[PDB]
Structure formats: C-alpha cells, structure tokens
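A.B. asks: Next up is a structure, given as structure tokens.
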Protein chains: 2
Amino acid sequence: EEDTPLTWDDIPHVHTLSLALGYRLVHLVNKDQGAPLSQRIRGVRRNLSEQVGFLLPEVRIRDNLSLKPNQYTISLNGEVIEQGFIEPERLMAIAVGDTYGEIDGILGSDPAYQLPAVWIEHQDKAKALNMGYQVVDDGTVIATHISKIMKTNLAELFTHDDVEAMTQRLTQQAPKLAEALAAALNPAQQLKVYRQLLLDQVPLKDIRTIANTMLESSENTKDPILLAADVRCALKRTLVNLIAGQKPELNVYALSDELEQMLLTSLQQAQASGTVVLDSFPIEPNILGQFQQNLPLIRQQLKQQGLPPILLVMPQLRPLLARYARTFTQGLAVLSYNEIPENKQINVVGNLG
Amino acid sequence: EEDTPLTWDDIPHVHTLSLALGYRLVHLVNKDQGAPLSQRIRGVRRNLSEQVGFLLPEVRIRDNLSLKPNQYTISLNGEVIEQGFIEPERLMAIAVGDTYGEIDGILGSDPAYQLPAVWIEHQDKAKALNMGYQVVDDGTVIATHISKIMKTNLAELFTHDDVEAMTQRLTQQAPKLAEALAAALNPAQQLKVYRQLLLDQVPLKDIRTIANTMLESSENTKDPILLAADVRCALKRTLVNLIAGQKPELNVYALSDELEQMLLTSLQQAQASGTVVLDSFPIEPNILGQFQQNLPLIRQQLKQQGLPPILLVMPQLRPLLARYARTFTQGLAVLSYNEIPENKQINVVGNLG
C-alpha cells in the first residue's frame, strides 16, 4: 500500500531459459524429494556446456498455476518455445525401433524427437529393461527436452557479454592472441562470427584455433559470413568428426549440376547490388517450394538407410543452404567441399532434381 | 500579499497523467474509505508496467470542482483525453455477450470498450454474479479506463529520460552491451526507436535482445523506422504470441495484389525525394478514404467470427499501415511477412479490394 515509490527495479528482468511447472509435477524442484531439476538440469547444462565450449545460461524455473496441473513449458527469452505433457506417475519408455514387444504403458509421444512412447508404472521397469526399452524418469523427459532446445537455439543463447568471457578464457591459454585479436575485431564484430558458427552448431571448445583463424582472415573481409566460412575450413576435422563417424569412407548427397548452376545464376545477379544479402538468401526463384519439399525427403531418404544426413554444396552456396536446413529440417548438415578433409574419401549418393 | 517575489517555481509543472475527481466520487482518494485509487491505480500501473517493461509514469489525481459532481476526466500531458460518468452508488456490470438475462440496473455504457452497461446497487451482485455478469466497483471502472489510456498512448508516456533508465536496467543485465550501445546511438536516436516500438504496442521487457538488435543493425541505417523493423523481426516470437494465441495455425487478412501493388507504386514515386516520409505516408492517392472505410470493416468482419484481428502486408508497407491502424481502428495488428515465424502456419482470409 505504501509502495509509493515504484522503481525500475520493481520491473522483473527477463531470462533466457525458464521452465514452467504445473501442479502434478512441482515435486521436482522442492529440494527434498530428490529434486532432479537442480542436478539433472545441471547435468545437461554441464555435459553440454563443456561440449559446446561456452557456459550455457542458467535455466530458471517457475510454476505458473495458469496451466494444466501436469504440463511444463520451456521459454526462450520471454515465452514458450515448446510445451510438453507429463503423465501423473507413469514413467515413459521409448522403443528406438530395434526393441520388440509392447508393455501396458499408456501410449504417448516422445517430446524430444517425435517418437512413440508408452508411460509405464515404476515397477514395470524390468519388463521395459528386459524387453529392450528406453525408459526414463519424469525429470529426464524434461531435461532431455531442455537439452534439445538449447542445442537448437544455441545462437540466441550466446549473448553480447560472453564475447567478453570468451576472450577471458582465451587469454588464459594464448594471452598474446586476444590482446592482438580484440584490437582487430570489435566485440560487435566478433559476436556475429560466433553466432554464425553456433547457428550450424559447431563447437567453440578450441577457441585458440578459432581466434587464430579470425585474426588471420580479418585482413581481407570483416563480413561475419565470410569469416564463419574460414573458421569452419579450419575446423574441418572436428566438423566432420561430429557430423559423421571416424569411418574414413563417407556418404553424402550433392546438388544437381542443373539446380546448382541455377542458384549461382541468382547469386551473380544479386551481386549487382552491394551483396544485399550476406549469403543467406539473395534470390527466391520460386524453387524455394522445391527446397521446402525436398529437404524433408532429403533427410528422410537417408533415414531409409540409417546413416547420418549430410549434404555437399559449393562453398559459395554453403552459407545460404545452412538457413534452410536450420528451419525446414530439424536435422541436417550442409558441408562445403573445402570443409571436408582430403583424408575422408566421400561417396556421393545422387543429385537433387 | 507579500508574495512580492514571484519565482519560476510558483509556476506549477505539468504532469503526464492526471485524474480529475468530481464531488460524488472524491470518496476514493481520501485515504480512509478504503481508497482504491491509491492501490487499484497502482494495481494497473504495476501489472502493466512489468508487462511493457518500462515504469509507467505516476498517475496524479486532482479534484477540480469545475465539473459535474459525479464525473472524472483523464488528462495526458496537459488536458483531458477521455471523460467518463460514474453513477452515484450503483455498481456497473457488463454483459460480455455470452451472459443472458438483465438486471434492474440503470443502463449506461462501458467507458472502456463501448459496451452496454447496467448500474446496479451493491446488493444485486449475486443476481449479476449468478446471471453471469461482469460487475465492477466504482474505482475499477476508472482504473480500467486509465489502463486503456496508458495502453493506447504508450508512446507519449515514454520520455527522453527513461532512455537513461533503460540503459541502467540493461547494464544491470549485460553491462558490456550498453557501454557499446550508447556509443553507437545517441539517446536522441534511441528514443525514436523505442517510440516506434511502443506505437504498435510491442513490449520492451527483454531489453537485452533489443539493444543487441539495435547495436547490430545500427551500422547500416540510423533511421528509426528501419531500426524498428529489425527489432520486430527479432521479437517475432513475442509479437505473435501477444497478438494471437499459442495455436500454431493462424488466420489473417492480406492486401489485394492490385491495391498492394498500387501502393508500392506510390512509395517508389516518392523515393524520388530523399524519402521525404520515413514510411508513415509517402503518398495519398485518394485511396485514404478507401482505407478509412475498410479498416473499420476489416476489424469488424473478423469480429463477426471472434478471432483476434491481424493483417499481413509487405515489409516495405508495414510501417505505413501501422499509422492507419493506430488512428482509424482502436484495435488492429499490422504484421509483416518476415515478422511472423516459420513455425506458425498462417491462413489468409482474403484480399482487400
């Protein structure tokens, strides 16, 4: 009543990641009933931090009664991105596709990868564990969802303030490099580069061999898409090691010489303007529908054989097609030619007409 | 009599928001009779502050005998904007449209949204509450009116002094961003951008992901309408989340290819001059009457189906049509194409001939 001063502080900040927790599943943060979403959530936030190099933000957790008593929503920067439904006390199990037999569990879905799911009681673990199922506790069904959301939205999770912390962690290793890098690219320019690297989900663990490449290639162009190409050409090793396995033989698609040429025409035309697009899209010659059609099949065709999906392109089209594979197909990999080692021999599968 | 020095201080300042309180309803601020307009008014000024991000001004309250003993006027920056009439002691109830039955209450109107209203005694609440009505105390009839006035005039409520407080509240989060933003856009330039964002009523809660976008896009253009487009493309998520619901399917209008083209002609023509208008209006080819005619129907046609009103345009016409929907229709939403996610599939309703 005597809040007679309202101050800007009364306005609550917004947070990058936040969890909404409905009634039936608030027995997960209460610090007594073996709160998983203070360790399991840190489990993901660590076993993914140390993997992608930069400390992922702190997942905050709130419980808005506004929603159904047994659901949760994950919010990126202000508001929901994905919203799942948790069974009251029936643990979920997944059948990868090699498991056989079913259990009495109520059908559901996998909120992570859109797989069929059965929600089984706490006792039937044996029947799941002895039939070959992939059972998971309640909290993990969330934590895996948060992991997928982080791994997808990696870009927006990298703030204009980590670019300070990255240079700190890099001065710890090569203290003379940053002192020569920060004077070559102002942090506004650096961040765009890390954004372009994290969009296509490239790990920034070995920051030295990344600042080295930015410092090198900074002379020619300060464009943050020509720079993100060079860093990827320098990380070709870990790129392919993460996309495909250590098997030297490699299977991938390739652009159809016709369609591939048809695009380069568009880029050259748009080159009339001052590269109005960086490379994300210069021209939409109505083949965008053809793409939005094939790229799902392109993922699925290679998912008729089990091998991970990859796609080869010209380097000049590399940065473009990354945007499509980032929106249309939830899973893909667009690699250039020079981004693949001369060690791993590749095997084209076919064109795309 | 010995006020022999008259000093500039004797001149009373003017205030952004101020309330006028006639006789019959001064029993609302007197601090004894459960003064609602020191808590309810703060109720709105808080549950709207924390929503739109920036601390709304302090509503001042005065009682000029000049007016009828039972009316009130709300004043923005010097003088009345809206003026309501309060029944002596008969509480008002509203029938949303789904409620059935009437009560003895004297007819009136809803000062908020122009709805039919009945003013009932304090006892008939049950008959209202058991018939399905929306009854409200005297003070709330005001407080809701103040809320509507704030939510409409948000722009003029954002002073050239908050741009200091916004950077303070943003240094609290990303202290290295402002120190790199304030050196990129002088506060005179920043404010115009926040003005353009608040005109179409976009929340500024997540200031980090807004300064980030202004800092980014500041290289190309310092025009505060090309900047307000990029911030909205970056907030597309919360934009649509606030206009429509979380339902992925979406229904909206679209410009008639003919009329849409007819405007772009006008913009290109005006491009002869140095973009004499930012984008609010380059050319009035007498289709302004057609607009002032349709936009009311455009609101109402979609109010024949209950779904919230939206309108799609070209991005190059986006900033223009925002001015019309800000004046002609008290409620509308003009969204571009790139301002809508690729997640929510849209459903056009029809052109506008």
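Here Cβ is always computed from backbone atoms with ideal geometry, including for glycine, and neighbour counts include all displayed protein chains. Basis: the model, the stated rules and, where named, an outside source; these are not laboratory values.
A.B. asks: One residue is enough: does segment B:69-79 have a residue meeting the conditions of a type in the set (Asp, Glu) and out of contact with any strand residue (DSSP E or B) (no Cβ under 7 Å at 6 or more places or on another chain)? It would help to see each step written out before you state the result.
C.D. replies: Step one: filter segment B:69-79 for residues of a type in the set (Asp, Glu), giving B:79.
Now restrict to residues that are out of contact with any strand residue (DSSP E or B) (no Cβ under 7 Å at 6 or more places or on another chain): B:79.
Within segment B:69-79, one or more residues are of a type in the set (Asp, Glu) and out of contact with any strand residue (DSSP E or B) (no Cβ under 7 Å at 6 or more places or on another chain).
A.B. asks: May I pose another question? Quick test for you: out of B:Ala165, B:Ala143, pick the one residue that is outside the structural domain of B:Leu115 (by CATH) and in contact (Cβ under 8 Å) with a residue 12 or more places away in the chain. Full working, then the answer.
C.D. replies: Values: B:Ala143 fails: outside the structural domain of B:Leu115 (by CATH).
Being outside the structural domain of B:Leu115 (by CATH) and in contact (Cβ under 8 Å) with a residue 12 or more places away in the chain holds for just one of B:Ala165, B:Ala143, which is B:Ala165.
A.B. asks: Give me the residue from segment A:309-325 that is aliphatic (A, V, I, L, M) and in a helix (DSSP H, G or I) and, out of that set, surrounded by the fewest Cβ atoms within 10 Å (Cβ to Cβ). Before the answer, list the steps.
C.D. replies: Applying the first criterion (aliphatic (A, V, I, L, M)) to segment A:309-325 yields A:310-314, A:317, A:320-322, A:325.
Subsequent filtering for residues that are in a helix (DSSP H, G or I) retains A:320-322, A:325.
Working: A:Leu320: 22, A:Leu321: 23, A:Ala322: 24, A:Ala325: 20.
Step by step, filter segment A:309-325, then rank; the result is A:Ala325.
A.B. asks: Continuing with the same structure: Taking helices (runs of 4 or more DSSP H) that fall entirely within segment A:153-211, which contain at least 1 residues that are in contact with a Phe, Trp or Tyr (Cβ under 7 Å, 6 or more places away or on another chain) and farther than 16 Å from B:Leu215 by Cα? Spell out the reasoning first.
C.D. replies: On the way: elements: A:162-171, A:175-181, A:187-199.
Hits in segment A:153-211: A:162-171, A:187-199.
A.B. asks: Also, I was wondering about something else. Scanning for something in contact (Cβ under 8 Å) with a residue 40 or more places away in the chain and among the polar types (S, T, N, Q), does segment A:120-129 turn up at least one residue? Steps first, answer last, please.
C.D. replies: Step one: list which residues in segment A:120-129 are in contact (Cβ under 8 Å) with a residue 40 or more places away in the chain, which gives none.
Within segment A:120-129 (the criterion being in contact (Cβ under 8 Å) with a residue 40 or more places away in the chain and among the polar types (S, T, N, Q)), the answer is no, since none of the residues qualifies.
A.B. asks: Within segment A:160-205, take every residue that is basic (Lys, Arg) and under 26 Å from the mean Cα position of the chain (by Cα) and give me the one that is farthest from the other protein chains (Cβ to nearest Cβ).
C.D. replies: Pass one, segment A:160-205, residues basic (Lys, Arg): A:169, A:176, A:192, A:195, A:205.
Narrowing further to those that are under 26 Å from the mean Cα position of the chain (by Cα): A:169, A:192, A:195, A:205.
Working: A:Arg169: 15, A:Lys192: 7, A:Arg195: 10, A:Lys205: 23 Å.
Only one residue tops the list, namely A:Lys205.
A.B. asks: Limited to segment B:36-86, what total is found for residues that are more than 14 Å from chain A (Cβ to nearest Cβ), among the basic types (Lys, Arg) and within 18 Å of the chain's Cα centre (by Cα)?
C.D. replies: Here is the first cut: in segment B:36-86, the ones more than 14 Å from chain A (Cβ to nearest Cβ) are B:62-86.
Okay, now just the ones that are also among the basic types (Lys, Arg), so B:62, B:68.
Applying the additional criterion that residues be within 18 Å of the chain's Cα centre (by Cα) yields none.
Selection size over segment B:36-86: 0.
A.B. asks: Is it true that some residue in segment A:143-156 is within 30 Å of the chain's Cα centre (by Cα), among the aliphatic types (A, V, I, L, M), surrounded by fewer than 17 Cβ atoms within 10 Å (Cβ to Cβ) and within 14 Å of another protein chain (Cβ to nearest Cβ)? Spell out how you get there, then give the answer.
C.D. replies: Narrowing segment A:143-156 to residues within 30 Å of the chain's Cα centre (by Cα): A:143-156.
Of the ones still in play, those that are also among the aliphatic types (A, V, I, L, M) are A:143, A:146, A:149-150, A:154-155.
Cutting the leftovers down to surrounded by fewer than 17 Cβ atoms within 10 Å (Cβ to Cβ) gives us A:155.
Those still in the list that are within 14 Å of another protein chain (Cβ to nearest Cβ) too: A:155.
Yes, that holds for at least one residue.
A.B. asks: Which is without any contact (Cβ under 8 Å) to a residue 60 or more places away in the chain, part of a loop (DSSP other than H, G, I, E, B) and over 25 Å from B:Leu226 (Cα atoms), of B:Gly306, B:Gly289?
C.D. replies: On the way: B:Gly289 fails: part of a loop (DSSP other than H, G, I, E, B).
Answer to the check: B:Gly306.
A.B. asks: Turning to a different aspect of this structure: Looking only at segment B:1-35, how many residues end up being under 21 Å from the mean Cα position of the chain (by Cα) and of a type in the set (A, V, I, L, M, F, W, C)?
C.D. replies: Residues in segment B:1-35 being under 21 Å from the mean Cα position of the chain (by Cα) and of a type in the set (A, V, I, L, M, F, W, C): 2 in total.
A.B. asks: Sort out which residues of segment A:126-145 are touching a helix residue (DSSP H, G or I) at 6+ places or on another chain (Cβ under 8 Å) and among the β-branched types (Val, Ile, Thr), and write them in order of number.
C.D. replies: Matches in segment A:126-145: A:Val135, A:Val136, A:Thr140, A:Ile142, A:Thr144.
A.B. asks: Checking the condition under 23 Å from B:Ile310 (Cα atoms) and either in the same structural domain as B:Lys151 (by CATH) or in contact with a helix residue (DSSP H, G or I) (Cβ under 7 Å, 6 or more places away or on another chain) (or both), which residue from B:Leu191, B:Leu215, B:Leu204, B:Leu226 passes? Break it down stepwise before answering.
C.D. replies: Details: B:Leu191 fails: under 23 Å from B:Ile310 (Cα atoms); B:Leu215 fails: under 23 Å from B:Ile310 (Cα atoms); B:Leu226 fails: either in the same structural domain as B:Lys151 (by CATH) or in contact with a helix residue (DSSP H, G or I) (Cβ under 7 Å, 6 or more places away or on another chain) (or both).
Unique residue meeting the criteria: B:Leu204.
A.B. asks: In this structure, does B:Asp138 turn out to be away from chain A (no Cβ under 14 Å) and either of a type in the set (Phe, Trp, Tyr) or within 30 Å of B:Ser217 (Cα to Cα) (or both)? Let's see the steps before the verdict.
C.D. replies: Numbers: away from chain A (no Cβ under 14 Å): yes; either of a type in the set (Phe, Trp, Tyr) or within 30 Å of B:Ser217 (Cα to Cα) (or both): no.
No.
A.B. asks: In addition: Take the residues in segment A:107-120 that are surrounded by 14 or more Cβ atoms within 10 Å (Cβ to Cβ) and more than 22 Å from the chain's Cα centre (by Cα); name whichever of them is farthest from B:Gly245 (Cα to Cα).
C.D. replies: If we filter segment A:107-120 for residues that are surrounded by 14 or more Cβ atoms within 10 Å (Cβ to Cβ), which is where we start, we get A:108-112, A:115, A:117-120.
Imposing the further condition that a residue be more than 22 Å from the chain's Cα centre (by Cα) reduces the set to A:108, A:117-120.
Values: A:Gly108: 24, A:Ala117: 28, A:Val118: 30, A:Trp119: 29, A:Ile120: 33 Å.
Among those residues, the one meeting the criterion is A:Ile120.
For every residue, the table says whether it meets (1) part of a helix (DSSP H, G or I); (2) of a type in the set (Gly, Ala, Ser); (3) closer than 20 Å to A:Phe158 by Cβ; (4) in contact with an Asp or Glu (Cβ under 9 Å, 6 or more places away or on another chain).
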{"position": "A:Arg24", "(1), (2), (3), (4)": "yes, no, no, yes"}
{"position": "A:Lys31", "(1), (2), (3), (4)": "no, no, no, no"}
{"position": "A:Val44", "(1), (2), (3), (4)": "yes, no, yes, no"}
{"position": "A:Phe54", "(1), (2), (3), (4)": "no, no, yes, yes"}
{"position": "A:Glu58", "(1), (2), (3), (4)": "no, no, yes, no"}
{"position": "A:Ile61", "(1), (2), (3), (4)": "no, no, no, no"}
{"position": "A:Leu65", "(1), (2), (3), (4)": "no, no, no, no"}
{"position": "A:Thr73", "(1), (2), (3), (4)": "no, no, no, yes"}
{"position": "A:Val96", "(1), (2), (3), (4)": "no, no, no, no"}
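A.B. asks: Any residue that is farther than 16 Å from A:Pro57 by Cα, in contact (Cβ under 8 Å) with a residue 40 or more places away in the chain and aliphatic (A, V, I, L, M) - is there at least one of those in segment A:213-221?
C.D. replies: no
A.B. asks: Among the residues of segment A:1-17, count how many are acidic (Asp, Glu), more than 9 Å from chain B (Cβ to nearest Cβ) and under 29 Å from A:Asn153 (Cβ atoms). Walk me through it before giving the result.
C.D. replies: The initial filter retains those residues of segment A:1-17 that are acidic (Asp, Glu), namely A:1-3, A:9-10.
Retained after the next criterion (residues that are more than 9 Å from chain B (Cβ to nearest Cβ)): A:2.
From what's left, under 29 Å from A:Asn153 (Cβ atoms): none.
Going through segment A:1-17 one residue at a time, the tally reaches 0.
A.B. asks: Next question. Using the structure shown, decide if B:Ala117 is hydrophobic (A, V, I, L, M, F, W, C) and assigned to a loop (DSSP other than H, G, I, E, B). Can you show your working first?
C.D. replies: Numbers: hydrophobic (A, V, I, L, M, F, W, C): yes; assigned to a loop (DSSP other than H, G, I, E, B): no.
Answer is no for this residue.
A.B. asks: Can B:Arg237 be described as touching a helix residue (DSSP H, G or I) at 6+ places or on another chain (Cβ under 7 Å), part of a helix (DSSP H, G or I) and among the charged types (D, E, K, R)?
C.D. replies: Details: touching a helix residue (DSSP H, G or I) at 6+ places or on another chain (Cβ under 7 Å): no; part of a helix (DSSP H, G or I): yes; among the charged types (D, E, K, R): yes.
In short, no.
A.B. asks: Then there is this: Check whether at least one residue in segment B:326-338 is in contact with a helix residue (DSSP H, G or I) (Cβ under 7 Å, 6 or more places away or on another chain) and in a helix (DSSP H, G or I), and report yes or no.
C.D. replies: yes
A.B. asks: Let me ask something else. Among (1) outside any helix (DSSP H, G or I); (2) touching a residue at least 12 places away in the same chain (Cβ under 8 Å), where does B:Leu6 come up short?
C.D. replies: (2)
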